[PDB]
Amino acid sequence: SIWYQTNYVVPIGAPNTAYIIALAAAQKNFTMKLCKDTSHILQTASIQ
Amino acid sequence: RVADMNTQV
Amino acid sequence: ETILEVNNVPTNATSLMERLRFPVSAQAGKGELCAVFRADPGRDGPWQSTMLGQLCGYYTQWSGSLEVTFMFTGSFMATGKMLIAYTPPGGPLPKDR
Amino acid sequence: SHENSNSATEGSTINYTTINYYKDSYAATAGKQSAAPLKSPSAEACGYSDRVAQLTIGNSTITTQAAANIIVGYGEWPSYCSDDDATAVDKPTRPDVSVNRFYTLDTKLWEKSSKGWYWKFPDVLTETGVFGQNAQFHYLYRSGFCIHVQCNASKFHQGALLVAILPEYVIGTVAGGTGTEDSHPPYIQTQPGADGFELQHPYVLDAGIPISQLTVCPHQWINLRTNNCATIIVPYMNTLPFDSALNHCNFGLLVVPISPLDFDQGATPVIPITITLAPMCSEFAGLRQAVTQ
Amino acid sequence: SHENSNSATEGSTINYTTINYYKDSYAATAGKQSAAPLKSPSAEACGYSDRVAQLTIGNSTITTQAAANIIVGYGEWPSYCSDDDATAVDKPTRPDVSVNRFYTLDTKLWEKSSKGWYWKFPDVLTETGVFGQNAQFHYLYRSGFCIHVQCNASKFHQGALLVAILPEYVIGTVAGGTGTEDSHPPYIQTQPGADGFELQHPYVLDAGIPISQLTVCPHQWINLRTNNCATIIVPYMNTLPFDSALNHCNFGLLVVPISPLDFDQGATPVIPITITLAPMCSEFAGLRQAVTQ
């Protein structure tokens with residue numbers, strides 16, 4: 001969870017709403033196991 | 001400075 | 001590092017680019033909540049946009065720590081601080097900061 | 001050899017030449033005495049750049065400019081109590097990762113007419129976190145503190161804050177205004193908890209002591225054109241090796257605007273001041289049932 | 001060298017001669033394999049008389065007959081998790097004096113018609129003490145236990161209790177009696193807290209497993225003519241180095257009367273059984289907000 005520790009402070013002339021781009025990764029100690037079929041994307045139709 | 005840390009006969 | 005879709009609220013193709021970033025703006029100074037997401041790379045949610053999430057989809061078990069880089073894309077004159085808190089399992093969604 | 005070594009300066013590093021016609025050293029004369037800690041030394045000045053290169057305490061990390069503009073209170077890093085200083089015979093618990101970590105208290109808003117606030121320690125951390133549970137459960141408490149006051153403002157904003165650590169910050173009252181009432185401050189004023197308490201008279205710090213002379217105490221500036229944060233690493237100071245965390249505040253963190261906040265219309269009017277504090281080398285002894293106060 | 005060392009017996013102390021025509025060791029044959037821990041060894045039998053000479057854990061002392069009639073569970077003293085066994089990268093907190101101490105749960109009354117009770121661990125210590133606060137505040141938990149069941153009765157009283165430690169004591173139901181309901185035990189039955197839960201069918205231990213065969217598990221007898229207490233030092237057993245203390249009970253302490261309590265009229269009819277347990281080498285990791293369950 002990301003919380004406003006103080007605020008988002010801008011002067012006049014700066015936009016009142018900004019954006020944060022979250023980039024996600026894994027460290028050197030990361031390890032995956034037991035390879036399996038993916039289910040993040042599924043197709044109900046054949047490939048023409 | 002703390003010193004507390006086959007059966008036989 | 002791969003873009004994490006924390007703001008996976010929009011669904012239409014016109015605003016699909018809004019999924020890659022989440023807004024930060026001036027608040028009332030009451031420790032407001034900006035964004036939440038689960039820290040599971042293989043879970044169906046924000047992490048599916050990540051290569052860590054996609055590659056985790058091909059493996060049953062994962063272990064190790066995760067890097068989540070939050071990059072601020074406001075102005076140079078935009079200042080502020082954010083508390084990014086990772087809750088270990090057991091603790092629900094925090095009500096306050 | 002013929003006199004008791006029982007003066008108030010025994011064990012000190014200074015030899016005192018004195019005159020004594022009696023059995024006790026405290027009967028003797030005052031005699032003769034045969035960077036600077038009080039100037040709020042920095043981490044570079046204290047030689048503690050190795051412990052401040054990246055401030056990660058517990059599972060918490062603050063990102064701030066290190067070393068040069070980071071203040072160690074009284075030139076003393078927080079440390080565990082030695083065997084000589086400690087009197088309690090039970091061995092204290094040292095959680096050190098569940099209680100020694102940055103806690104974010106609140107987000108008090110800085111206004112142009114703002115007077116200032118104070119936070120009493122460890123009363124701020126009495127009822128939250130594993131530190132709060134250990135303070136409630138244990139009679140004896142000893143810890144340093146790493147206070148990281150944060151106030152972000154734009155480059156078109158102005159103002160400075162005196163972020164200072166006032167040890168034994170005893171709160172006084174107006175005494176009815178006329179000074180003939182002998183009033184005492186309430187419990188919510190003396191120990192205001194995590195949300196703090198606003199100063200009624202910041203000039204006298206609600207204690208009859210000038211705000212101008214507060215910089216002898218470990219202090220920092222949040223002059224907005226230069227820095228947006230104030231890191232004061234604060235040791236444990238008391239006349240005692242340990243103390244109760246529920247009815248004694250070792251110090252009070254003063255955050256008052258010496259220079260008022262000002263900005264032109266159009267800039268964000270909500271300038272919040274966020275208080276972050278990490279206990280350092282926490283020590284809890286005398287375990288019993290948990291008590292809120 | 002030509003095969004992966006990925007069988008289920010890698011890292012064990014026994015060499016297995018096997019036959020493998022494949023790349024993986026787990027594809028190989030079962031092969032050949034090229035006091036007693038399960039007999040509830042005593043402290044004398046375990047060679048741990050130095051740690052049991054007087055049982056003082058934390059600020060708590062139990063006075064009981066040591067060494068000979070004091071049982072170490074599975075011949076294993078509780079110990080902190082090693083680097084090889086541990087997977088969590090954060091360093092856990094080890095309070096060791098605030099959480100490693102004897103807690104006295106309750107004083108369940110033994111009757112002539114009494115069936116027996118079970119206590120689930122560390123569910124018994126979930127909501128009391130600094131151990132309870134650490135278990136609620138931390139996701140990960142690892143500790144041994146020193147259970148000291150106490151039952152005092154006069155020399156004219158008779159009866160014996162099977163004080164036993166049943167690891168992973170999963171509670172079953174009557175399944176509606178007819179066995180065709182697929183009922184599940186409630187939360188207050190599975191995790192009954194400090195006050196425990198009385199056994200409905202002590203013969204099957206409410207789990208379909210006989211009470212007679214419970215002595216393979218670390219067990220003790222409170223045969224009243226011989227001993228009035230049962231000390232079982234219990235290590236941490238899990239498939240995991242750490243686990244949640246709120247939704248997983250590592251073991252269940254069975255205290256049931258195998259021999260019914262009996263005495264003549266005139267003797268005191270209130271024979272209470274007092275449960276005392278000291279966590280040993282407690283380890284809490286994964287700190288977050290406190291959660292009751």
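Hydrogens, waters and symmetry mates play no part in the numbers below; they use all other heavy atoms, side chains included. Here is how names work: the chains are called A, B, and so on, in the same order as the sequence lines, proteins then strands, and each is numbered from 1.
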### Query
Is it true that atom CD1 of E:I19 has more than 12 heavy atoms of other residues, nucleotides or ligands lying nearer than 6.0 Å?
no
### Summary
Here the pair of heavy atoms bringing C:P88 nearest to E:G286 is CB-O, 3.4 Å
Record all donor-acceptor atom pairs with a distance under 3.5 Å between chain E and chain C; write none if the list is empty.
from	atom 1	to	atom 2	distance (Å)
E:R288	NE	C:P89	O	2.3
E:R288	NH2	C:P89	O	2.8
E:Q289	NE2	C:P92	O	2.7

## Note on the structure
If one checks every heavy atom of E:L287 against chain C at 4.5 Å, the contacting part turns out to be backbone
### Task
Please indicate whether E:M237 has more than 12 foreign heavy atoms, meaning atoms of other residues, nucleotides or ligands, lying under 6.0 Å from its CE.
yes
## Note on the structure
Looking only at heavy atoms, the pair that brings C:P92 and E:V291 closest together is CD-CG1, 3.5 Å
